[PDB]
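Here's the structure, in structure tokens; my notes come after.
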Amino acid sequence: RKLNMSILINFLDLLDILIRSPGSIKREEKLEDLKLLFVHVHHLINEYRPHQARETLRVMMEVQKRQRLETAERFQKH
Amino acid sequence: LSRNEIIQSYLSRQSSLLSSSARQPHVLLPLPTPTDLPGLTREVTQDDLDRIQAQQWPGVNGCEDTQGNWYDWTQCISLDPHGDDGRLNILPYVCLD
Amino acid sequence: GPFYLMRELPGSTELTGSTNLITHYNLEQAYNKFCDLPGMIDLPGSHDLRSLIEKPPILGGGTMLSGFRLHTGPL
Amino acid sequence: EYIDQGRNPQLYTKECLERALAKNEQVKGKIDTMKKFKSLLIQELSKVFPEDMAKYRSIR
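Residue numbers (the authors' numbering), protein chains in the order written: chain D, 79 to 156; chain U, 468 to 488, 513 to 588; chain N, 63 to 97, 111 to 123, 127 to 139, 146 to 159; chain G, 69 to 128.
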């Protein structure tokens with residue numbers, strides 16, 4: 079998140095520079111380097127990290143069954 | 468970023484709300524020392540679970556906050572962790588979508 | 063200051079079109095010798127039927149009836 | 069031949085003036101956006117975490 083904020087700030091600074099000094103022709107080349115960062119962005123913010131935590135939740139899944147077993151304990155109370 | 472209008476602004480706002488999402516006290520959960528990789532090099536046991544579920548540790552369940560903000564592993568408590576005045580029934584701490 | 067992995071600073075002042083390029087074109091003397112009223116008042120005016131032929135040169139860039153009306157002496 | 073086609077550089081001068089005005093307006097808008105971004109960064113720093121936001125906004 080800090081890197082994304084820094085990238086947004088750097089994009090604003092580059093836009094201000096292009097508005098103030100438009101003679102830069104290599105800036106677009108940096109976008110190609112962003113492709114490398116895009117690799118990391120392939121796991122950036124949306125829908126891939128929580129699955130890892132789901133691993134731990136897997137154990138909790140059986141705990142959910144234990145919760146059902148808790149209800150089954152009522153049968154013993156019967 | 469070239470052509471923007473009211474419909475474009477509404478679409479951008481909806482996309483941002485879909486992708487990223513009076514007290515509103517944000518519980519700044521700090522990196523807990525009881526983990527598995529660079530934590531205590533130990534497996535998941537009852538101690539780590541009880542420390543992350545009862546104490547303010549975002550190890551497995553989540554670091555609980557004040558004002559009865561109970562943030563367990565699957566606790567969808569109606570807290571105010573967002574930056575708005577809507578203390579609705581938020582999703583679980585894991586929020587596995 | 064600049065720590066590790068810091069991006070490069072652009073040039074100080076490269077070829078820029080944000081400056082006042084109007085004065086560099088030297089358009090002051092043209093505006094003074096015109097007097111967008113200055114450019115508009117110089118379209119049909121030069122300085123402060128033969129007339130129909132002369133007006134066409136500034137606009138675009146029978147015979148007996150016109151000759152009977154050319155009765156004029158020396159003055 | 070093109071310059072002697074009954075025209076002048078007034079159109080080019082007006083286009084240059086309009087481009088300069090548009091560049092000034094875009095620079096002002098970018099400065100306002102940068103100020104708003106800095107304000108939002110300071111707010112998020114004071115709200116959630118100030119170290120990372122300050123390090124990213126001070127010297128990138």
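We put the CB at the ideal spot given by N, CA and C, even for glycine.
Might you give, ordered along the chain, the residues of its own chain that have their beta carbon closer than 6 angstroms to the beta carbon of residue 561 of chain U, omitting 5 neighbours on each side?
555, 568
Residue 95 of chain N versus residue 121 of chain N - alpha carbon distance
If you draw a straight line from the Cα of residue 95 of chain N to the Cα of residue 121 of chain N, it is about 12 angstroms long.
For the alpha helix (DSSP H) that residue 539 of chain U lies in, which residues bound it at each end?
537 to 544
Please list the residues of the segment 77 to 96 of chain N that have a C-beta atom closer than 8 angstroms to any C-beta atom in chain G, keeping them in chain order.
79, 80, 82, 83, 84, 87, 89
Alpha-carbon to alpha-carbon, residue 572 of chain U and residue 491 of chain U:
No atoms of residue 491 of chain U appear, because in chain U residue 488 is followed directly by 513.
Just to confirm the assignment, what range does the alpha helix (DSSP H) spanning residue 108 of chain G have?
78 to 115
In the segment 85 to 97 of chain G, which residues sit with their C-beta less than 9 angstroms from some C-beta in chain N, listed in chain order?
85, 87, 88, 91, 92, 95
Sufficient close CB pairs (3 or more, under 8 angstroms) joining the segment 137 to 145 of chain D to the segment 68 to 87 of chain N
Short answer: they don't touch.
Residue 92 of chain D in three-state terms, based on DSSP:
Three-state DSSP puts residue 92 of chain D in a helix.
Suppose contacts are defined by Cβ-Cβ distances below 8 angstroms. Is residue 86 of chain D in contact with residue 105 of chain G by that definition?
Judged by beta-carbon spacing, residue 105 of chain G lies within the 8 angstroms limit of residue 86 of chain D, meaning their Cβ atoms are closer than that value.
DSSP three-state call for residue 141 of chain D: helix, strand or coil?
It is helical.
Quick one: is residue 539 of chain U buried, meaning 16 or more other Cβ sit within 10 Å of its Cβ, or exposed?
buried
How many whole angstroms separate the CB atoms of residue 513 of chain U and residue 588 of chain U, which I take to be in contact at a CB cut-off of 8 angstroms?
Not confirmed; about 28 angstroms, so no contact.
Which chain D residues are close to residue 588 of chain U, counting only those with a beta carbon under 8 angstroms from its beta carbon?
Simply 125, 128.
Integer-rounded CB distance, given that residue 103 of chain D should sit under 8 angstroms from residue 94 of chain G
Not quite, the Cβ-Cβ distance comes to about 19 angstroms (not below 8 angstroms), so this is no contact.
Between the segment 78 to 97 of chain N and the segment 77 to 86 of chain G, do three or more beta carbon pairs fall short of 8 angstroms?
Contact holds: three or more Cβ-Cβ distances are below 8 angstroms.
For my contact list, residue 515 of chain U and residue 574 of chain U are in at a C-beta cut-off of 8 angstroms; report their separation, rounded to the angstrom.
6 angstroms
By how many angstroms is the C-alpha of residue 112 of chain G removed from the C-alpha of residue 79 of chain G?
49 angstroms
Is it buried or exposed, residue 148 of chain N, if we count other Cβ atoms within 10 angstroms and call 16 or more buried?
exposed
Report the three-state DSSP secondary structure of residue 132 of chain N (helix, strand or coil).
helix
If you follow the alpha helix (DSSP H) that residue 85 of chain N is in, where does it begin and where does it stop?
83 to 86
Cβ of residue 160 of chain D within 8 angstroms of Cβ of residue 585 of chain U?
Outside the displayed range of chain D (79 to 156) lies residue 160 of chain D, so it cannot be described from this structure.
In chain D, which residues lie less than 7 angstroms from residue 72 of chain N when you measure between Cβ atoms?
95, 99, 102
Proximity to residue 100 of chain G [Cα-Cα], best of D:94, D:128, D:133, D:148:
Ranking D:94, D:128, D:133, D:148 by Cα distance to residue 100 of chain G puts D:94 first.
Smallest Cα separation from residue 496 of chain U: which of D:82, D:124, D:83?
There are no coordinates for residue 496 of chain U in this structure, because the numbering of chain U runs from 488 directly to 513.
For a cutoff of 8 angstroms on Cβ pairs, would you count residue 132 of chain D as touching chain U?
Answer yes: the Cβ-Cβ gap between residue 132 of chain D and chain U drops below 8 angstroms somewhere.
Buried or exposed: residue 115 of chain N, going by 16 or more other Cβ atoms within 10 Å of its Cβ?
exposed
Would you call the CB atoms of residue 124 of chain G and residue 138 of chain D closer than 8 angstroms?
no
Taking the straight line between their C-alpha atoms, what separation do you get for residue 115 of chain G and residue 121 of chain G?
11 angstroms
Thinking just about the alpha-carbon of each residue, which of U:549, U:578, U:531 is nearest to the one in residue 520 of chain U?
U:549
Straight-line gap, residue 582 of chain U to residue 533 of chain U (C-alpha atoms, nearest Å)
Computed Cα separation, rounded: 29 angstroms.
Minimum C-alpha distance to residue 77 of chain G - residue among N:90, N:150, N:134, N:130
N:90
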